[PDB]
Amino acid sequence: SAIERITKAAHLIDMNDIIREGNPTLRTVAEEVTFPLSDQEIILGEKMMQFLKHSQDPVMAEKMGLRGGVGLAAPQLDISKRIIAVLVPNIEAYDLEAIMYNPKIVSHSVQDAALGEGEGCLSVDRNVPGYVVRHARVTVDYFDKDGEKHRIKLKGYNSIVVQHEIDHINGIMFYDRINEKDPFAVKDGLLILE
């Protein structure tokens, strides 16, 4: 299985582990994890975070043939579990570093937001221009590796990134949220970031 292969001590996640559009796993709703977590589920989260760190390092990214990422969801590794990793750099070194189990948005703002530069996805080997319309602010519940519950409030980039990853575990892709008619339409209440 993907999870057994990926969580071997020796395994380094790379682009060959990441499934792409057309693979039905990306359009499936991922299964909640149960507590306590298995060793494999804990290792998986750690491997995912390690990947993000590798992807954000000039030398390692070059060597491993990695595209940079600020988030990753297990379904991207063909693992249909509700596990995501988020690694958003500050302009510590990170605005947000978290491995989240069963993350869930429990509140969101009326105001929407979108990155002015649009979004991309490691599972999408093409550019899809347009404003990816999301909630400006979210309150997110999740469990950490110890089954401890966290409730965090996110805004700006962090909010966008976490929503992108939660979308994956719900079978949603970033372009599902771009206005087909006018990709760069600026609706009332839409905050353009950057």
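Residue positions are given as counts along the sequence shown, with the first one as 1.
Chemist: May I ask whether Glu92 is missing from the deposited models in at least a third of the other compared entries?
Modeler: Residue status for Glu92: gap in at least one third of the other entries.
Chemist: Select one of none, 1 to 3, 4 to 9, or 10 or more to describe the deposited residues without coordinates separating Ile91 and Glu92.
Modeler: According to the record, 4 to 9 deposited residues lack coordinates from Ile91 to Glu92.
Chemist: If you take the mean CA temperature factor per stretch, which one wins between 16-24 and 166-174?
Modeler: Higher mean C-alpha B-factor: 16-24.
Chemist: Averaging only over Cα atoms, indicate whether 75-83 or 92-100 has the higher B-factor in the PDB entry.
Modeler: The entry gives the higher C-alpha B-factor average to 92-100.
Chemist: Compare the CA B factors listed in the entry for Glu62, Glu31, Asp39, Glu46 and report the winner.
Modeler: Checking the PDB record, the top C-alpha B-factor among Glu62, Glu31, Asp39, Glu46 is at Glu62.
Chemist: Mind checking which third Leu122 falls in for C-alpha B-factor across the chain?
Modeler: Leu122: CA B-factor falls in the middle third of its chain.
Chemist: Please rank the C-alpha B-factors of the chain's modelled residues and tell me whether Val132 sits in the lowest, middle or highest third.
Modeler: Middle third of the chain for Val132's C-alpha B-factor.
Chemist: Select lowest, middle or highest to describe the third in which the CA B-factor of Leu52 falls within its chain in this entry.
Modeler: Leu52: CA B-factor falls in the middle third of its chain.
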